[PDB]
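A.B. asks: Just dropping this structure here.
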Amino acid sequence: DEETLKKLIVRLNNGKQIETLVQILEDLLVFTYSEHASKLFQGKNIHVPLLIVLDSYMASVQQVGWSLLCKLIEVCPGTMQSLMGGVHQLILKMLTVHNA
């Protein structure tokens, strides 16, 4: 539950198994329970470095990561508020490093 969310934060605090942790995170993401992902630590701060460092050349994680990112921007209402005010530098990096 939420313990798995902070534990995934703790595992991802330190790429293949990272993709699996993010995958189970996406499995909780696509669920439609409640206002569950209201922590927004990842989604604003924890998701980003693995989104850029652990996806440098990657889309082993960059695919599922940016997918989870968009699903999270759709899910969490405060995700945009945590965004509106760097993700903008990050998305161009992911696009430029992946032309094909």
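Quick note: the coordinates plus some simple rules give every number you see, no bench work behind them. All Cβ positions, even for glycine, are placed from backbone atoms using ideal geometry, and neighbour counts span all protein chains on display.
A.B. asks: Find the residue count for segment 43-59, including only residues that are of a type in the set (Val, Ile, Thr) and exposed (fewer than 15 other Cβ atoms within 10 Å of the Cβ).
C.D. replies: Here the count works out to 1.
A.B. asks: Which one is surrounded by the fewest Cβ atoms within 10 Å (Cβ to Cβ) among residues in segment 7-26 that are of a type in the set (D, E, K, R) and farther than 16 Å from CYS76 by Cβ? Working first, answer last.
C.D. replies: Kept after step one, since they are of a type in the set (D, E, K, R), are these residues of segment 7-26: 7, 11, 16, 19, 26.
Narrowing further to those that are farther than 16 Å from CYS76 by Cβ: 7, 11, 16, 19.
On the way: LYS7: 12, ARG11: 13, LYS16: 7, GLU19: 20.
If we take residues in segment 7-26 being of a type in the set (D, E, K, R) and farther than 16 Å from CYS76 by Cβ, then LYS16 is surrounded by the fewest Cβ atoms within 10 Å (Cβ to Cβ).
A.B. asks: Residue by residue through segment 60-93, note down the ones that are surrounded by 13 or more Cβ atoms within 10 Å (Cβ to Cβ), over 17 Å from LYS44 (Cβ atoms) and not hydroxyl-bearing (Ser, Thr, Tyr).
C.D. replies: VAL61, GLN62, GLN63, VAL64, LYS93, listed by residue number.
So that you can scan it fast, the table gives a plain yes or no per residue for (1) aliphatic (A, V, I, L, M); (2) assigned to a loop (DSSP other than H, G, I, E, B); (3) more than 26 Å from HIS98 (Cβ to Cβ):
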position	(1), (2), (3)
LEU8	yes, no, no
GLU26	no, no, no
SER34	no, yes, yes
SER38	no, yes, yes
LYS44	no, yes, no
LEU50	yes, no, no
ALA59	yes, yes, no
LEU69	yes, no, no
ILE73	yes, no, no
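A.B. asks: Determine whether segment 63-80 contains at least one residue that is of a type in the set (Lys, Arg) and under 18 Å from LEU8 (Cβ atoms).
C.D. replies: So in segment 63-80, the residues of a type in the set (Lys, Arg) come out as 71.
Filter again for under 18 Å from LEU8 (Cβ atoms), leaving 71.
Scanning segment 63-80, I find at least one residue that is of a type in the set (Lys, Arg) and under 18 Å from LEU8 (Cβ atoms), so the answer is yes.
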